[PDB]
Every structure is written in C-alpha cells, then in structure tokens.
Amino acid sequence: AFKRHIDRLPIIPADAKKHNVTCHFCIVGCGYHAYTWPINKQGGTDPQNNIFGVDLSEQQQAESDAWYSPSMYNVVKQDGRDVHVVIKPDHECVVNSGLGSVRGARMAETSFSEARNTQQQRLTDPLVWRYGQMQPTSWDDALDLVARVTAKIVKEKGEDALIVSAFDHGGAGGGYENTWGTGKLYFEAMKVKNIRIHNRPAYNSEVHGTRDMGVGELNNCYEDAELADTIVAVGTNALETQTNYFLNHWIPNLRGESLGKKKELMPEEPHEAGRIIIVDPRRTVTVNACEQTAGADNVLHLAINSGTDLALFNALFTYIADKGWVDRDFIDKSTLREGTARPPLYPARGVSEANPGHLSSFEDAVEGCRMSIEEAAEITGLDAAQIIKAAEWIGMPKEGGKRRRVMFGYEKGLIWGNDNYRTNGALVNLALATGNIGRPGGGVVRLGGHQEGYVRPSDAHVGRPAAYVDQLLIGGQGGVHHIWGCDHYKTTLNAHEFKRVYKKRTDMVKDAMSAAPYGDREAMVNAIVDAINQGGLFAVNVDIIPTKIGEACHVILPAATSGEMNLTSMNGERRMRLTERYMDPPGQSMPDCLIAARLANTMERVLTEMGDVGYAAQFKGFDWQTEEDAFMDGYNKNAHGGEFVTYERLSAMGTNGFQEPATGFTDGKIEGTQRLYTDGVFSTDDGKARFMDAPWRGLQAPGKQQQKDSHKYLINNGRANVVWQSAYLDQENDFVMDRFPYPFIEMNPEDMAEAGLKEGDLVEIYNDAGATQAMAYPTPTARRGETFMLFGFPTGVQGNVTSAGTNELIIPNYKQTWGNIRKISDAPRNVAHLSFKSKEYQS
C-alpha cells in the first residue's frame, strides 16, 4: 500500500489568508476554503496561534474541523512567492457540511508545486512540433502559427474545415468565464458548425427529451432528497459519483434523521424514513450502502437487463395511470391537454431524426406508452412483483390519501443508455403524472457529472441533429482541429478506430512540418496546408497536462485551471459560487478564456495582414485582461438574473453562494430560486409541460443488437470512486495509481474460472469496434455474463470497444456494449500488492 510517510503538517496560523473554493471536480460542488500563509511562517498548537482556536496538542474527535489530511496540504506559488496552502472542506457549507470526498480532499496535493514536486507534468510553455519533436516556444510564436494555418484553411475552404472539440462544462476545465470565452470565439466571431462537446461527438443536449417536454433538468434542490418519501435513482452510482449529495442529503432521509424536518415543512401528511428504488443492472456500493442504512426492506434494487429502462418506466406509467395514482389537478392545470396525432412512421421512428419521440397529453401518452407488467417483466428480466412494488413506492397514496412525494434522479446509466430521448421522456412522464416537479420532496433531475457553467452565444447554426464530428474526422474530413480540455483518445466512443485515423492524419502534417523550414513561417504554413489538402489534419490542443490526443497534436497551449484563476459555476442544485484564486498558473500558463481572447486577437492581426479586413473585424470584443472581464461580458450580460451577480457580491456569499437564477440583490445578498416550476408554468411557449408518447422499440442504436448477439459479455462501464475522469491528474498521484495501475474489469468469479482467468490477470476485451486491456477484478456481486470496466483510463481505454452507435440526435450509447475477453498476461508483478477484496462495507 502507498503511504506518504508524512508524520506532521504545518499548522494553519490565525492570520492565514482565507479563500472561498468550490471543489474542482464533481457536480455536488462541495464547499472548501484555501488558507495560505508565508513559507517561513507557521501556526502553533495554542488556540490563539491557529485558525481554529483549538488546542492542537490534543487528539481531536471524529468529524473535527481542526484537522486535515496530508492530501489537503501543499506549497504553491502565490503572487510570485511560495506559500503554504491548506484546502479543507467547509463545515458551514450546506452542500457538504464539511464532508470532502476522496477526490476533493486531494485538491491541494494535485496542485502544481515546484517546492514539493507535485504535478510536475503540468504544462508551462506553448509547444510546437518542429525540428523533429515538440519544442517549447513563446505565446506570440505559437498563436501566430495557429492563427495563420486556421485563417488560411478557413479562407480557402470555409469555416466548415475548422473542427472544434471543447468542454461545455463547469468547474475546473470549464466555467462561465471559459465557456463564454470559447463560445464567443467559435459562435460569435465565427459560425463553427463542426463542433463537439467533451463527452459526446456532436453539439447536442444530453437531455433533449426533458427539455422539449418543458422540464429543465435541474429543477429541484438538494433538500428535496431529504424530504422525499421515495427516491427513484436511475443509472446513478451516487455514492461513487455524486458522493457528498448522497452522504449529506440522501442518507439522512434513509436513516430517518430528516423526519423532524419533513414534519415541520409538511405537517398535514404522514412521514416515514425514505425508501429508495435503484434502477441499475449492476449491484453497486450505492445499493449496499442504502441497505445498510435504510434496511433491505426499504431498498428496491431493480437489476434490469442493460438498456431496458424504457420498458420499465412505460410499465410503471401504465400501472400508475390505470390505478389513478396521479395528480389530476397538476395534469389539468399544468400539462398539455389536447393531444396531437402520431407522426406517420410511429411507433418505430418519429417525424424526423430531430424528434425521436412524440410529445402529447397525458392520456395520449399513457396509451402510446402502454405496456403491461408481464411484457415489461419479460424485457427487463425483472419479476412482475418487483415492478408492481415499484409502482406502489412511487404512486400509491399515503394514509389519508395524501400524494406520495418522489424525487426522481437519473444520470449516465440512462443518458448514455438505450434510446436516450424516449427513455428520458418516459421517466419524466412519471414525475409529471405524480405532480413531483416544483414541489418539496420532488424533482425529475439529472444528478449530474461535472458542475455546470455554460454561457455562450446562440448555437442555432449547428443544427439538430448536429454534425457527428468524430465521423467527419474518421472519414478524412476537416482541416484544422482545436481541442480544448478533453481527450478523445481516452474517452470518445469507437476510440480505437478514432485513434488509428487521427494518428495517420496528424502524421501527414507532422512529416510535412519536419521537412519544411520553420524560421521561414510562410513556407511552414504552406507545407502544412498542402498536407491538409492531401487529407491531413493540423491539430491544436489547449490543456493543463500532456494529453493522449496531445501526442498527435502540432501545437500545445498551456492552460491555467480553477484556483490558479477565479472561476464561477453552479452545482446540481443550481448553487452558483465563485472560487477565488489562491495560487499562480504554472509557468506561462493562461486561463482558457484568455487563451481564446489571445487567439481572437491574433486572428484579427493575421487576417488584417492577409487583407481580409472584414473577416478580421469579426474577432473584436476580446480585450479581456483578466477572467473577470469574461465573466462580465458573458454571464453578467447574458444569464437570466445576470445583472445581480458580480465577483464582489458572489464572494460575500461564500461557499453557500445562491441558487440560480438570481431574482434580485438586497442587503448584500443575491436572491435566488430554490426550485423551478413552483407555479407550474413550464419551459414551453404556452407554459404547459408535455408528456411523451414513447413506446419501447428495442435497442435503438445501430449495430447494438448484433453486438449483443455476437459477443459473450456485457462490458458495462463507468466510474470508480477513487478516480477522477480520465485520470489526467490522477496519473501523477501515487495514492490513486498504487490502487489501480490498470483499469479494473469487475468480473463474476465463476465467469473468471470459466475463462481461465485469475485475479489481477491482464485481459484483452475485444469486439467489432476494437480491443483494449484491463485487469480482472473478481466481483462476487456481478451477475454472470456481465462485467464492468472503469472508463477513460490511460492504462487501458474502455472506449476502444464501444461502437460508433448513437441515437438519432447523436447521443453516444456507451453503456450498451458487448465483447469477448481473453488473457494477455498472467497477473503482473506490479499488481501483486493490490487488494482484490470486496468494495462493499460489512457491518
């Protein structure tokens, strides 16, 4: 086991500088503070000599505010000087109440420190491919090159020859400043159509279904998970992936601790400890923790067949409607009352690829969705009794005939699962039918992934469906690719093929560049463009580390991330905070919004020099000198309620921030919105929610059924608690990499014995899409025939075995993946030290 051998830590002194910090990482947006103080000072164990006013010569008790782990301490540059830093979770933040996950608690230790040698992989200088290798250079040189090639390609072939891949998310590697900066560059200065998002290969919404119905996906508050009678958790492994939401809000409900709260806010109705329905093919640690906290009788784990959620929800909707377990007044008052006729190709297809499902009235939707319990039990593999029980935990009135309060929460098991549009809609149908939107203890919400921080110009020009960018690239189209804060080599679908082609096309441009004179920049530009005209690709990567896709790029531009800059984002409750900068960017690294502005400025210069003065003038409006300038040009001018929000006002509100949208500013507080749709007026032109007539149609995405039928195992995929995303930071964190040097593939021990595998064996997963590697981890809770591989991982990429298959709106169907498995090596010595024991807590 990895052990730091750090025996003591510097003590935060009483006069340390305090900074408000939201967690860099997941959607929960846990509150923290960063305390910094000079390198040659320290605090003392006496109360007056430390930030806590506690005597630190004594053992603190459980849940103390007056302790931090070594992963919470570092030394960092701040205004050119080394300072101590502690980044510690905030006890007074209502999101986390002082909980810090395994990820957030390592913010300090995954910061850049020269003094303590952490994250020495961080990028410090612009890099250009020249003289046969990547070489460091100045900003002026690298941006000049990027702009010259970009401007020439776009002037000769149009903006369609510019391909963009960029984050659209919040938190570190995103945020309002940074989504605005990039958005303004590509959607205001230009009209880039061939743009994709960091997690999906087209410029689309993950949840077109709920949005078209009039229900924005983040409509409740985290208190609603405390107040619900029943939590319905679909395709979420919340303990691992929305950890402190689960621990600080769901668990109190399951344990009965929120009963006093429920009784106070909701006096005219009965209350019991929360029950929870978990819809996931796999038994997770989240299932286990629910059982241990609530008791097995209060947890309904519906272990459906992969990809059959839509059948379950349509049966539940059918049963609840037929029992009349619905909110008749909500339906009459708030939902669309005149249904409309099915499109001609229904039920197999919608009116076009833009509209895979049919929006209508409650009654029409019930008849369109109609599916018996027995049919749903066949498709899902669930027992009829389990489905009936679930309908009861959702719809059946409480004693006195009071409405059951149900929070419906869903994440990537649904969004990246079968038939995204219809399955999203079918779940929303349930919440609408039961009046569980805009009221306490309700919601039909994304549980989320990253924090959210999106503000951009109109994307009307991208179309719907939008372009399938990876398929353009694989097919030899496009000329220049700008990549901002995503690494398709680890995380795209059909990743093996993507990599083969990307390498070849970028190699053309590299071979041309190594043979041309650099000091003659016009010759270099011309040689690059000739290679592009032959089918090559010129690629520019904006990131904070050397990425996998970066190994194919020609220019690398170093970014500064959250904490090295000021940054705004909102959590899964819409709670907007300001993370206040507490350290300096490594080397010459620069916030993404400012990269974008500098690139715009360079585009203006070069286009002017080329004589296209009208095109050049489109790149104005980027005189920003600090990230607050982008905040003010973006969020402050364009968000609803934006006038009310400034960095100074956000700062005054601390880690609790306010819930968007802002409705006013009075007495130093931004006034927010605790829940959406409280008046029952929905996000449609007439104010009514629509239901969705959304019949089951099997595995919707191309090739999926054939993939299932022709391979041995389900290769389910997703997150581990210990790993953040593609391990971009974690790869230089021994605590993480000592635990999993390879990605795990959870396998049932009988399956392993049948395939001749032993624990720790390195195995190849393969199918029609490609091949990859993983380490067999024996998992007694896995069902026979069903495996789970950690996604996004640099030492074995799961996406290599995902097909190119998407829905009509170009949503990637990563979860429905099947393949074969065969041994590559006996368990290597570098996994001899690992525990292969169960991840489930035992009381």
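The first residue of the sequence shown is number 1, and the count goes up from there.
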With reference to the PDB entry, specify whether the mean Cα temperature factor is higher for 347-355 or for 159-167. 347-355
So 374-382 or 266-274, which one's hotter by mean CA B-factor in the entry? 266-274
Maximum C-alpha temperature factor, selected from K548, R404, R577, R196: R404
Residue, from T663, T182, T568, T150, that the PDB entry assigns the highest Cα B-factor: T663
Chain-wide C-alpha B factor ranking for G395, given as lowest, middle or highest third: highest
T787: CA temperature factor from the record, placed by chain third, in the middle
Relative to the other modelled residues in the chain, which third contains the C-alpha temperature factor of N20: lowest, middle or highest? middle
Could you look up the Cα B-factor of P38 in the entry and say which third of the chain it sits in: lowest, middle or highest? middle
Tertile call for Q121 (CA temperature factor, within chain, third-based) is the lowest
